[PDB]
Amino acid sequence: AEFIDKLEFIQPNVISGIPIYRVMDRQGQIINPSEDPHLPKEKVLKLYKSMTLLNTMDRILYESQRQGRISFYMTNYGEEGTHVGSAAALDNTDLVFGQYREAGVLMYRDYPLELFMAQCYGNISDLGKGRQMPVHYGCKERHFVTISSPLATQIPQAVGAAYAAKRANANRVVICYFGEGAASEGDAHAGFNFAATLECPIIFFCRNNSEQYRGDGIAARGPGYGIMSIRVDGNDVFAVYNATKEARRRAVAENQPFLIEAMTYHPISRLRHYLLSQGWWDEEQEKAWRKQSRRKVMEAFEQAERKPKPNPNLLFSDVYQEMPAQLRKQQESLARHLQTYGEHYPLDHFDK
């Protein structure tokens, strides 16, 4: 740039309070017709049913946790719109990285109730083999990378995956979900900077629901990294959808990152008002759907509880691809031990 001949500190005031993109008001009305995505009836209903099926599941699993039937749970309340809305804007094979509030992405991608439940119960149907804490979901088939507890570690990983996708000449995006808290971690700074300097087709999706930052939220950081940024109303599925859709199109075409900061705290209520205004739902449909959802979730729940846990041998596999001879020795030590001392262990609750 140029020189300046008087001393002036740049204040954090630079551009503004970044405004919040909205499409639909709290009564479900489109505010500006030029921004209506005009999504088809079947996909809007799919948005609505995904959000409410997640909410039904949340109610039941939260109570299961309170009773000690599963060890841990994290709900999705208030984030249902951000997740379904963004997920609907992605291609099926776009790779997703996340943390704890992303189950709606799976739900939109038709992840079975049986498998959400299997992971939470650590039962024999869990493809994660019962090894992680509840809600640490993952699905290779649905391109949803297994969640890990350490905050923000997925951020620079998501960038690497995006760099690899660019090389593979893919027409694929990566999306990486995280909270405003996680954005304080060093790994967040790494991800953002690497995505920009290495020109990666990635969408950073920051959920923002005083002690964490002093600038104008997370969106105000994007420009400083050279990242295109926007702030959206996270209670508005259409605002989320629109922002994700355009971010995806540009990220993939231009090999550049985008940052969306979704402001959250109801998304479900607002979407329901929209459906009524189109003549796409009514109280009888609402009642039948609440009943059907509850039955679907309760059937999965009861099945998941009654399944045995996996074979304790699965304690030892997948540490490395192969199993080192010394690890097999430990596995053999366990088997010899259970032969002698098995009455002191819950063998009847575990497979084989």
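The first residue of the shown sequence is 1; numbering continues from there. We call the rigid core the largest set of C-alpha positions that still match within 1.5 Å between the two forms.
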| field | Higher-deviation segment by CA RMS in 7 other deposited structures of this protein, core fitted, 337 to 345 or 8 to 16 | value | 8 to 16
| task | Please figure out whether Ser148 and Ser149 are truly consecutive in the deposited sequence or have unmodelled residues between them, and give none, 1 to 3, 4 to 9, or 10 or more. | result | none
| Interresidue gap class [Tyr265, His266; deposited sequence, unmodelled] | 10 or more
| request: Between 271 to 279 and 170 to 178, point out the one with the higher average CA B-factor as the PDB entry records it. | output: 271 to 279
| Of 296 to 304 and 45 to 53, which one has the bigger average CA B-factor? | 296 to 304
| query | Which of these has the highest Cα B-factor in the record: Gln29, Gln321, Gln326, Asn311? | reply | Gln29
| Considering only modelled residues of the same chain, in which third does the CA B-factor of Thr244 rank: lowest, middle or highest? | lowest
| note | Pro257: C-alpha B-factor third of its chain, per the entry, is the lowest
| request: Check where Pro223 lands among this chain's C-alpha B-factors and tell me if it's the lowest, middle or highest third. | output: highest
| task | Compare the C-alpha B factor of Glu211 with those of the other modelled residues in its chain, then answer lowest, middle or highest third. | result | highest
| query | Is the Cα B-factor recorded for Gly191 in the lowest, middle or highest third of its chain? | reply | lowest
